[PDB]
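Novice: Chains as they are written, first to last, in the entry's author numbering: chain A, 118 to 476; chain B, 118 to 476; chain C, 118 to 476; chain D, 118 to 476; chain H, 3 to 111, 118 to 146; chain E, 3 to 111, 118 to 146; chain G, 3 to 111, 118 to 146; chain F, 3 to 111, 118 to 146. Virtual Cβ for every residue (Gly too), placed ideally from N, Cα, C. The structure's right below; bear with me while I get my questions together.
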Amino acid sequence: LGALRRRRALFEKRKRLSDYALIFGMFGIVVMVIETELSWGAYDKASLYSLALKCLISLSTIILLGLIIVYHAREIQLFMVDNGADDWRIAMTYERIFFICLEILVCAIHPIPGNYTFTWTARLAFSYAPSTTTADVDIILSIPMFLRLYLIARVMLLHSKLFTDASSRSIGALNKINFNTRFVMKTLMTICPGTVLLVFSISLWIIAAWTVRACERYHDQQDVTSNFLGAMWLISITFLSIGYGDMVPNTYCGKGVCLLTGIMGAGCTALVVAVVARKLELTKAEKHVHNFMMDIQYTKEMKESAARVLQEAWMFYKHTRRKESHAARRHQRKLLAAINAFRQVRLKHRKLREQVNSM
Amino acid sequence: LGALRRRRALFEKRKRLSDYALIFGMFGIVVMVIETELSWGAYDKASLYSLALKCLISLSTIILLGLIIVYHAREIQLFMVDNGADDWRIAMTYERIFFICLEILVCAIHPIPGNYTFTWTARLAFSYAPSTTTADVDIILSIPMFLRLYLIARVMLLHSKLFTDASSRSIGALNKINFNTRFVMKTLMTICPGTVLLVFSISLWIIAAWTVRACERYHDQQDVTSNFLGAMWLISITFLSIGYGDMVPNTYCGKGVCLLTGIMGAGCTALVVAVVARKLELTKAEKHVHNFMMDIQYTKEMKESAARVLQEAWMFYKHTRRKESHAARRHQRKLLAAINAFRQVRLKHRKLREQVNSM
Amino acid sequence: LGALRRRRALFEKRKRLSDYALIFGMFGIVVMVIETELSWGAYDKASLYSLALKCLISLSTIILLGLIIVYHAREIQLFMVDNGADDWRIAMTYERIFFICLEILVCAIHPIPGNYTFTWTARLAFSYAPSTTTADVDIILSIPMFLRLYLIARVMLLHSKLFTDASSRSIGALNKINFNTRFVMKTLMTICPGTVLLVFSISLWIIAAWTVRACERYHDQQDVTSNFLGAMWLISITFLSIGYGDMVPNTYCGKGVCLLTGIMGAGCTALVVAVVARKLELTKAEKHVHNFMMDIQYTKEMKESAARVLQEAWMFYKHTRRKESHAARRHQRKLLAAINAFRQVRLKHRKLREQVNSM
Amino acid sequence: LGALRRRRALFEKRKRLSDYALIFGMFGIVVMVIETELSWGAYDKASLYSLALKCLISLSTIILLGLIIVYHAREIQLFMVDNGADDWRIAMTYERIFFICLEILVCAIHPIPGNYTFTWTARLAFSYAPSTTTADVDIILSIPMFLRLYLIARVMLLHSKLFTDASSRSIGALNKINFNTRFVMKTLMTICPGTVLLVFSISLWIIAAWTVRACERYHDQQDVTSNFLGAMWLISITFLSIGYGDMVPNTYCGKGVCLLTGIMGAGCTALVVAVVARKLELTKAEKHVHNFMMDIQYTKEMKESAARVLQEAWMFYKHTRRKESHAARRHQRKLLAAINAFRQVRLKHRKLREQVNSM
Amino acid sequence: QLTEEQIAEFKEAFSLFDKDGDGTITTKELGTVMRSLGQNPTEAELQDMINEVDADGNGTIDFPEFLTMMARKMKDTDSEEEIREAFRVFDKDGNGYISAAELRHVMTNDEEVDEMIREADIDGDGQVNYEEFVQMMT
Amino acid sequence: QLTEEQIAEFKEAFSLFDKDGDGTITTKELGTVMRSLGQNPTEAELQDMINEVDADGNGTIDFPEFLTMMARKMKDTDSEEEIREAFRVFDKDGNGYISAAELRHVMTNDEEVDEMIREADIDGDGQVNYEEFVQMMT
Amino acid sequence: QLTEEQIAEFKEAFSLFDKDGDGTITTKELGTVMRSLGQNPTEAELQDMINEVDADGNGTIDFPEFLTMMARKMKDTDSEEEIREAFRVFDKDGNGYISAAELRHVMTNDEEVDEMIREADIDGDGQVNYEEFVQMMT
Amino acid sequence: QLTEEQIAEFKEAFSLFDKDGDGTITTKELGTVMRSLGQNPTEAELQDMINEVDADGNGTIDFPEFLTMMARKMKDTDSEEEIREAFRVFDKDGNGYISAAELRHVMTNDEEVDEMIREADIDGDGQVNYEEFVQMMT
Ligand SMILES: O=C(Nc1cccc2nonc12)c1ccc(C(F)(F)F)cc1
Ligand SMILES: O=C(Nc1cccc2nonc12)c1ccc(C(F)(F)F)cc1
Ligand SMILES: [Ca+2]
Ligand SMILES: [Ca+2]
Ligand SMILES: [Ca+2]
Ligand SMILES: [Ca+2]
Ligand SMILES: [Ca+2]
Ligand SMILES: [Ca+2]
Ligand SMILES: [Ca+2]
Ligand SMILES: [Ca+2]
Ligand SMILES: [Ca+2]
Ligand SMILES: [Ca+2]
Ligand SMILES: [Ca+2]
Ligand SMILES: [Ca+2]
Ligand SMILES: [Ca+2]
Ligand SMILES: [Ca+2]
Ligand SMILES: [Ca+2]
Ligand SMILES: [K+]
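Encoded structure:
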C-alpha cells in the first residue's frame with residue numbers, strides 16, 4: 118500500500134530527471150554542432166567565442182552528470198522499495214556499478230574548453246597520398262557526444278504508457294510478460310514499424326553525414342566529402358550498399374561511420390522491405406472479398422470460354438457440311454485454341470477454389 | 118435512388134476528365150522530352166522552334182490545370198452527393214485544399230517559353246575538378262514534369278472494375294473493405310505482381326536514365342553519363358546496388374536520381390525475388406502429386422537397397438564358407454555400405470512421410 | 118490403344134533428336150570457344166585454320182538446324198496424334214510459327230566462314246578515353262551462340278521421368294497437374310535446390326566470364342578484363358553485387374553481361390540464402406528431440422537455481438543471527454541475484470513450454 | 118555391455134586427441150602469424166629467428182600429424198566396436214581413405230624451414246601497372262594453414278553434450294535423429310544464432326583481414342591494403358557488399374579472400390537480419406498482452422470518437438437553430454471529420470478483432 | 003429511374019445475392035454469402051441487419067430494397083451507419099435508450121448537456137432514443 | 003499391341019491404382035488414392051468419375067479400361083474432357099440437357121443459333137444432349 | 003492512502019478485471035480474462051491462484067485485495083512469488099512439506121544442511137513448511 | 003561392469019524413461035514419452051517394440067534390458083535394426099516368412121538364389137525365417 122505511493126512518486130521523479138537529462142544532453146549536442154560548424158570559418162579555436170560556447174557545453178555536461186547521478190540515485194531508492202531493502206549498498210551490484218560509470222563516461226566526453234591540438238595524418242582516397250594537418254583534439258570529443266542519444270531511448274521507455282500503467286502491469290503480470298526496454302521496442306515495431314524505421318533512418322542520416330563531414334574537413338581541401346550534401350549522398354549510398362563512387366572517406370572516422378552506416382543499412386534495409394511487403398498484402402477480410410470477386414470473374418470467363426468452344430465447334434461442323442477446306446481448317450485450328458483457352462480458365466479457377474479452401 | 122444516378126454520372130465525368138488529364142499530362146511530357154533532346158543539338162533555346170514547342174507545353178499545362186480544376190470540381194459535387202450536403206464550402210477541408218493546390222503546383226511546373234539561364238557549378242566525378250556552365254533554367258522545370266505520372270495512378274484507379282462495379286461494392290461492404298487507391302494496388306500485387314513490378318521497373322528505367330542524361334549533359338563533355346546507354350547502365354547497376362563503376366553523376370540531379378533509383382531498387386529487388394520465389398514453389402495440388410511420386414520412388418529404392426543388403430550379406434557368408442579372406446573382407450565392407458545406404462533411404466523416406474502428414 | 122504406341126514412339130524420336138541437337142549445339146559452342154581463343158594469338162582470321170574451324174561450326178549449324186526442323190516435325194506429328202487431327206496445317210498456329218522460327222534464328226547465328234571486320238569504338242573505363250579497333254564481325258556472332266544452351270532445358274525436360282512415365286501421368290491427371298517445363302523446374306528446386314543453383318551458377322560463371330573476356334580483348338591492351346581470372350573475379354563480384362572495383366567493362370558487351378550477371382545475381386543470391394536457411398532449420402522430428410532435451414536441461418537448471426535461492430537465503434539468515442553486517446549484506450545481495458537468476462530460468466523454461474504446445 | 122565401456126573409453130580418447138590437435142593446430146597458426154608479421158620488418162627470412170620459429174611450426178606440424186593419425190586410429194577402433202568387426206581393414210573405405218589423407222594434406226601445409234623465394238608478378242589496382250617482387254614461398258604455405266580451423270568444428274562436436282550423453286542418444290533414437298556435425302550446428306543456430314553468427318563473423322574478420330594484409334604487402338608500397346585497419350575496412354565493406362572504394366586487392370590472394378568474404382557475406386548478412394528480425398517480434402504470450410492492451414485503448418478511443426461525433430452533431434444543430442451560417446457550416450464540416458475519424462477507429466479496432474481471432 | 007446499364011449491374015449484384023432467383027434475398031442466402039466471405043454471422047445479428055433496410059417488414063429483401071441499400075452503401079462513407087454505430091457505442095446497457103446520467107458519463111472522456125438533452129427530447133418521454141439521436145445529428 | 007516396356011509401365015500404374023492386386027480398380031481403392039493426393043472426393047462424384055470410362059458397366063476398372071483411360075489422359079490436353087466440361091458448365095439446371103433459350107442466353111456473353125440448334129438435334133427430340141454436343145464438336 | 007490519480011488507475015484496472023461491476027472479481031471473470039490472453043487455466047489452479055491473495059477467505063477479490071496484489075506485483079521482480087516457486091520446485095512429492103531427505107538430495111546439484125534444518129524448524133514439528141521457508145528466506 | 007559415471011548417466015536416462023521410479027518401463031510411460039516427442043504410436047506397435055529387447059518377457063523394461071538396448075543403440079548405425087527392417091521390407095505378405103518365389107521376385111530389382125535358399129534353410133522347414141536371415145547376414 119505505502120510501497121505503491123513511493124514507487125509511483127519515484128516513477129515521476131525518474132521520469133522528470135530523464136527529461137531534464139535529455140534537455141541538457143541534446144542542448145550540449147546542439148551547441149556542439151553549432152560550435153564545430155562555426156569554429157571552422159566564423160572564428161578559431163582560440164577565439165573568445167570558442168571558449169564561451171565550449172564552456173556552455175562543459176556547464177551542460179556538469180548538469181547532465183548531476184542529473185545522471187540523481188537519476189541513478191532514484192533507481193537506488195526504487196530498487197530498495199521494490200526489493201524491500203533499506204540499505205543502499207545492497208543495490209550496488211557489479212552490473213549496476215559498470216553501467217552507472219559507463220553512462221557517466223559517455224556523458225562526460227565533450228569539447229573541454231581550451232585549445233589543444235594533435236597531429237592528424239591520413240591517407241587520401243583514390244590517390245594514396247598522405248596528408249597531415251594539425252587538427253584540434255575537440256573533434257575526438259565532439260563525435261562521441263552523439264552517444265548521448267541513448268537518453269532518447271530512456272525518455273521513450275519512461276514515457277510509454279505500457280511501462281507506467283496499472284492496467285498494463287496487471288494484464289502483463291497474468292501472462293508473465295517482462296516489461297523492459299526491449300518490450301517497448303518490440304511493440305513499437307508492430308504499431309508503427311514504418312515510422313520507427315523512418316524517424317530512425319532519416320535522423321541518423323544527418324547525424325552520420327555531419328559526423329563524416331566534421332571529420333573529413335581537416336583532410337579534404339577539394340570539397341568532396343566535407344560537403345554536407347556530399348556526405349549525405351555518401352551515407353545514403355553506403356546505407357543502401359550501392360557503393361562509394363568517388364566519395365570514399367579520407368579518414369578512419371569517415372570510414373568507421375561508413376561502416377556503422379553499412380551495418381545498420383544492411384538491417385534497416387531488410388526490415389523496411391519486410392514492412393512495405395506486409396503493407397502490400399491483402400488482409401484476411403480483404404483477401405476474402407478479392408477471391409470472392411475473382412470467383413465471379415472466373416465463373417463468367419468460363420461461360421464465355423465454353424461459349425467460344427461451342428461457337429467454333431459449330432463453325433467447324435457447318436464449314437465441313439459446306440465442303441469447305443481452308444475455312445473448315447481455320448475454324449478447326451480455332452477450336453483447339455478455344456479448348457486450350459477453356460482448359461486454362463478452368464485450371465486457374467480451380468487454383469482459386471483450392472486457395473479459398475486452404476484458409 | 119436519385120443519388121445513384123448522380124453518383125454514377127459523376128463517376129463517368131471524373132473518369133473522362135482523368136483520361137483527358139492523362140492525355141495532356143503525357144503530351145506535355147512527350148513534347149518536353151522531344152524539346153529537351155532537340156534543343157541540345159538540333160537548335161538552341163532562342164530558336165523559334167524552342168518557343169513553338171515550349172508554347173505547346175505551356176498550352177497543354179493550361180489545359181491540364183483546367184482539367185485538374187474541373188476534376189476536383191466534380192469531386193466536390195460527388196462529395197456533396199455522397200455526404201448529403203448541398204453547399205460546396207463544406208467539402209473544402211484543409212486536407213483537400215492542400216492536395217488541390219499540390220496537384221496544381223505539380224502540374225504547373227513546365228519549361229515556360231522564353232530563354233532564361235542560370236549558372237550551374239558542379240564538382241566533377243573521380244577528379245574533383247569544378248566545372249561551370251550556363252545551363253538554361255528550363256532543365257530545373259523539365260525534370261519535375263515527370264511528377265505528372267501520378268495521373269497514371271488516378272486513371273488506373275478510376276478504371277478498375279473493383280472501384281466502379283455494383284457487385285464489388287456490395288460484397289466489399291459486407292466485409293467492410295475500404296475501397297481506395299491502396300486496395301487496388303494491393304490486388305494488383307496478387308493478380309500480376311510480376312507484370313506490375315516489370316511495367317514499373319522497365320518504365321522508370323528509361324525515365325530515370327533520361328533524367329540523369331538530361332541533367333548530366335551540361336557537365337559532361339566526355340560522353341560518359343550524358344550517353345543514354347551509359348545512363349541506362351548507371352541506373353541499372355545502381356538499381357541492383359552493384360555500384361557506380363566509373364559512371365558516377367557529376368551533378369546533384371544525377372546523384373539524386375541515383376539515390377531514388379537505389380531506394381526503389383532496394384525494395385523492388387526484394388519484391389521481385391519474393392515473387393519469383395512464389396512461382397518456383399509447388400502448389401498444394403502439385404506438391405501432393407510430387408510427394409506421391411517420391412513415395413513410389415523411395416518405396417522402390419528401399420526394395421533395391423534392402424536387396425543389396427541381402428545380396429552382399431550372402432556374398433559375405435558364401436565367401437566365409439569358401440574360407441576366403443580378401444574376398445570375404447571386401448564383401449563385408451560392401452555389406453556395411455549396403456546397410457548404411459539402406460538406412461539413408463529409410464530415413465529420407467520417413468522424412469517424406471512426416472512431410473505428407475504435416476499438411 | 119494405337120495412339121499410345123504412336124505417342125510413345127514419337128516420344129523416343131523427339132528425345133533422340135533433342136540429344137543430337139544438344140550434341141551438335143554444344144559441339145559448335147565448344148569449337149567456337151576454341152576458335153575464338155586460338156584465333157587471337159595462335160593464328161589469324163585469314164588463316165586456313167580459321168576457315169577450317171569456322172566451317173566446322175557452320176556444318177554443325179546446318180546439322181543442328183536439320184535436327185531442329187525434324188524435331189519440330191515430330192512435334193507436328195505428336196500434335197496430330199494428341200488432338201486427333203490428320204492434317205499438319207492445323208498444328209501451325211501463330212505461337213508455333215514464331216517459336217519454330219525463333220529457335221532457327223537462335224541456332225543459325227554462328228561465325229560464318231570468311232573474314233569480315235567492323236569498326237569497334239568503345240569508351241575506356243576510369244579514363245573516358247575513346248579507343249577504336251578493327252574487330253572481326255565473328256565476335257558479334259560467337260557470343261549469341263551461347264543462346265543454344267536452351268537445348269539443355271529441352272534435353273532435361275524430355276529425359277525427366279515425371280514427363281515420360283505412365284504412373285506419373287496418371288497420378289498427375291487425378292489432381293489435374295499440368296506437366297510442362299515449369300513443373301520439372303519447380304520439382305528440381307525441391308529435390309535438390311542447392312545442386313540446381315550450383316550447377317547453374319558455377320556454369321554461367323565461366324560462360325559469362327569468357328563472354329566478357331572475349332568481348333573486352335579488342336579494347337583491353339593492359340590485360341585488365343581480358344584476363345580470364347580477371348573476368349571471373351569481375352563476374353563474381355558483380356554477381357554478389359559487391360561492385361566493380363577497377364574492373365569495369367570497357368565495352369557495352371561486358372557492361373551488358375555484367376548487367377545480366379547482376380540481375381540473375383540478385384535472384385540466385387536470394388534463393389541460395391533461402392536454401393541454406395532451410396537446411397540449418399531443425400526438422401519436425403529433430404525439433405521435438407531438441408525441445409525435449411532443453412526441457413530436461415531447464416528442469417535441472419531450475420533445481421540448481423532454486424537451490425542457489427535457498428542456499429543464499431540461509432546464508433543471509435545465518436549471518437544475520439551471527440550479527441554480521443558486511444557478510445550478511447553480501448549474501449543478501451547474492452540472494453537477489455539468485456532470485457533474479459531463478460526468475461530468468463523459469464521464464465525461459467516457460468518460453469519452451471509455450472513452444473512445444475504451439476506445434 | 119562390454120561394448121559400452123569400450124565406446125565410452127574411445128570417446129574420451131578421441132575427445133582428448135581432438136583437444137591436443139587443436140592446441141598444436143592453433144599453436145602453429147599463432148606462431149605462423151607472429152613469424153609472418155615479424156619476418157617483414159623485425160628480421161629477414163634468412164635470420165636465425167626465422168629458422169627457429171619455422172622449426173617450431175614444423176615441429177608442431179609433426180605433432181599435429183601424429184595426433185591426426187592417432188585420432189583416426191581411434192576412429193578405426195571405434196568403427197570396429199560399433200559395427201562388430203575385429204579387423205581394421207574393413208573400416209578402410211574409399212571415403213575414409215580420402216578424408217584421412219585430406220586432413221593430413223591440410224595439416225601438413227606449413228612454412229617449411231629454409232628460405233625459398235618465387236617471382237610474384239601482380240597487376241596493381243586502379244592503375245593497371247604491373248609490379249613484380251621476389252616474395253618468399255612461405256606465404257603460399259602460411260595462408261593455407263588457416264584451414265586448420267576445421268579442428269575447432271571437431272572439438273565443438275566432440276564436446277557437445279548432445280553428442281556424448283546417454284539421455285540425448287536414447288531420446289534421439291526414439292525419433293530416429295541422426296546425431297552428427299550438422300545436427301549440432303543446426304541446434305547452435307536455434308539456441309544462440311546471434312552468438313554463433315557473431316563469434317564466426319568477428320573471428321574471420323581478423324583472419325581474412327590478416328590474410329589480405331599478409332598477401333598484399335609484397336605488392337603494396339603505398340600502405341593501402343597492407344595496413345591492418347585498411348584490410349579490416351576492406352573485408353568489412355566487401356562482407357556488407359557495399360563495394361571496394363579505393364581498397365581493391367592488388368593480388369589474386371586478396372581478390373580471392375575478398376571473394377570468399379563476399380560469398381559468406383551474402384549469407385551471414387541474410388541470416389543475421391533474419392535473426393534480429395525474430396528478436397523484434399512479439400512472442401505468443403507477449404502478443405496476447407499487446408493485443409489485449411490495444412483492445413482497451415481502441416475501446417476508449419471509440420468512446421471519445423463517438424463522443425466527438427455527437428458533440429459536433431449537437432453543435433451543428435444548435436447553430437442551425439441559432440440561424441447561424443458560418444458557424445453552422447464550420448461545425449457541419451467538423452461533423453464529417455468526426456464521423457470519418459469514428460469510422461477509422463472502428464475499422465482499425467475490427468482489424469484487431471480479426472487479429473486476435475486468427476491465432 | 004436509373005439507366006439500363008446501372009439497372010443491369012444492380013440486377014447482377016442482386017442475383018449474386020439471390021441464388022435461387024425468386025426475387026427475394028432470404029436470410030439463409032445472406033448467411034451463406036457472408037460465410038463465403040470468411041465471416042461467421044449468427045442468426046440473431048443476421049436477422050437484425052436484414053431488417054435494417056426492411057421497409058415493408060416482410061423479412062426478405064426485394065429489388066427496390068437492395069437498391070435503396072446500395073444507394074446508401076456505394077458511397078465511400080455511410081453517415082447513417084456511423085451515427086447508428088455511435089449510438090450503439092453510447093448505450094452500454096444495450097436497451098436502445100440513452101439516459102441523462104449516461105450522457106454525463108460519456109461527456110467526461118453540465119448546462120450544455122442539459123440543454124442538449126432538453127432539445128433532443130422531441131416526444132417528451134424523459135429519455136433519448138435512436139430517432140432523437142438521428143434528428144440531432146442531422 | 004504396345005511394347006513390353008509400355009505394358010510393364012502401364013501395369014505399374016495399375017498397381018499404383020490397385021493396392022490389393024486383384025486386377026480391378028474398385029471404388030474404395032480410388033478413394034484412398036485420391037485422399038492420398040489431398041483431394042476430398044464424395045461418393046457420388048467418385049462414382050460418376052469411375053463410370054466415365056466404364057465400357058462394360060460392371061462398376062470396376064480392369065486393365066484394358068485403364069489403358070483406354072491412359073490413352074485419353076497421356077496427352078497434354080484431352081478434348082473429350084474439355085467438351086464434357088463445357089457441356090456441364092452450359093448446364094445451369096444440371097439436368098444434362100440444354101434448351102434453346104439456354105443457348106440464346108449463353109450466346110449473349118438469333119438466326120445463326122436457330123440454324124445451329126436445327127442442325128444439332130440429330131434425333132429430333134427438341135433439345136440438345138451430350139452426344140449431340142460431342143458430334144457438333146467433332 | 004494513494005492519490006486520486008493512482009486510485010483512478012487502479013479502479014480502471016479493477017473494472018477491467020471485473021466486468022459485471024459488482025466490486026468482486028469472480029473466478030469466472032478471472033478465467034475468461036485469462037482465456038482472453040491465450041492461456042488455458044484449469045479451475046483448480048485458477049482457484050488456487052485467486053486465494054493466494056485471499057485475506058478474508060471469501061473466495062472473491064475486493065478492491066483492497068486487488069490493490070495489495072498490485073502492490074506486490076507492480077515491481078519488476080516479485081521476491082515472494084520466486085520464493086514460493088522455489089518451494090514448489092523443492093517438494094518433489096508435492097505434499098507441501100519439504101523433508102530433510104529431499105533437501106539433502108537437492109543440496110547435491118551434511119552438517120550445514122542439518123544446522124539449516126534445525127534452525128528452520130521454528131515450531132518443532134519435524135519438518136519444514138512454507139512459512140518456515142519464507143522465514144528463512146527473509 | 004560399467005564405471006560409476008556411465009552407470010549414473012544410464013540411470014538418469016532410465017529415470018527419464020521411467021517417471022514413477024518403480025524400476026520398470028511400463029508401456030504407458032514409453033507411449034507418453036513418445037507422444038512428448040510428437041510421434042503417435044499405436045498400442046500394437048508400441049508393445050511390439052517394447053518386447054524387442056525383453057529377454058525374460060515380463061512385458062516391462064528393467065535396467066539391464068534398457069542397458070542392453072543402449073549398448074545396441076549408442077552406435078551411429080544399428081546393424082541389427084537395419085537387418086530387421088530389410089527383412090520387414092522383403093516380406094510383403096507380412097507373415098514373417100519369406101518364400102522362395104518372394105526372393106526370386108525381390109532379386110529382379118536362378119541358381120544363385122537357389123543356393124542362397126538352400127544354405128539359408130538351417131532347420132530344413134522349407135522357408136526362410138528371421139533367424140535364418142540374421143544368420144546369413146552375420
Ligand atoms: O532503372 C530501374 N529501376 C528504377 C529506376 C528509378 C526509379 C525506380 N523506381 O522503381 N524502379 C526504378 C531498373 C534497372 C534494372 C532493371 C532490370 F531488371 F531490367 F535489370 C529494371 C529496372
Ligand atoms: O558468375 C556467377 N553467376 C552468374 C553469372 C552470369 C549469369 C548467371 N546466371 O546465373 N548465375 C549467373 C557466379 C559468381 C559467383 C559464384 C560463387 F558463389 F561461387 F561465388 C557463383 C556464380
Ligand atoms: Ca431467394
Ligand atoms: Ca422486403
Ligand atoms: Ca442506456
Ligand atoms: Ca425519447
Ligand atoms: Ca469394367
Ligand atoms: Ca438445361
Ligand atoms: Ca438431343
Ligand atoms: Ca464480479
Ligand atoms: Ca475478498
Ligand atoms: Ca516433500
Ligand atoms: Ca515445520
Ligand atoms: Ca514404471
Ligand atoms: Ca523385463
Ligand atoms: Ca512371405
Ligand atoms: Ca526356416
Ligand atoms: K555494392
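(1) From the DSSP output, which residues share a beta bridge with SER248 (chain D)?
(2) When you compare the CB positions of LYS303 (chain C) and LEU399 (chain B), do they come within less than 8 Å of one another, or not?
(3) Which runs of the beta strand (DSSP E) spanning at least 3 residues fall entirely within the segment 68–105 of chain H, listed in chain order?
(4) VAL365 (chain D) and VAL329 (chain D) look like a contact to me (Cβ under 8 Å); what is the Cβ gap, rounded to whole Å?
(5) Closer than 7 Å: is that where the CB of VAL136 (chain F) sits relative to any heavy atom of ligand 17?
(6) To the nearest angstrom, how far is it from the Cα of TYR138 (chain H) to the Cα of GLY40 (chain E)?
(7) Which chain B residues sit within Cβ distance under 7 Å of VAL365 (chain C)?
Specialist: To lay it out plainly:
(1) Here residue 248 (chain D) is taken as the residue at index 131 of the fourth sequence, counted from 1. For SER248 (chain D), which the question treats as bridged, DSSP gives the partners D:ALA239.
(2) Your numbering for residue 303 (chain C) matches position 186 in the third sequence. Your numbering for residue 399 (chain B) matches position 282 in the second sequence. Their beta carbons are under 8 Å apart, which means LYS303 (chain C) touches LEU399 (chain B) by this criterion.
(3) Qualifying beta strand (DSSP E) stretches: none in this window.
(4) Here residue 365 (chain D) refers to the residue found at position 248 of the fourth sequence. Here residue 329 (chain D) refers to the residue found at position 212 of the fourth sequence. The pair is not a contact, with the Cβ atoms about 11 Å apart (cut-off 8 Å).
(5) One-based indexing of the eighth sequence puts residue 136 (chain F) at position 128. Distances taken from the Cβ of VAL136 (chain F) to the heavy atoms of ligand 17 include one shorter than 7 Å.
(6) Position 130 of the fifth sequence holds residue 138 (chain H). Position 38 of the sixth sequence holds residue 40 (chain E). In this structure, the CA atom of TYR138 (chain H) is about 53 Å from the CA atom of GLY40 (chain E).
(7) Here residue 365 (chain C) corresponds to residue number 248 of the third sequence, with the count starting at 1. For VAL365 (chain C), the C-beta contacts it makes with chain B under 7 Å involve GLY362, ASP363, in order along the chain.
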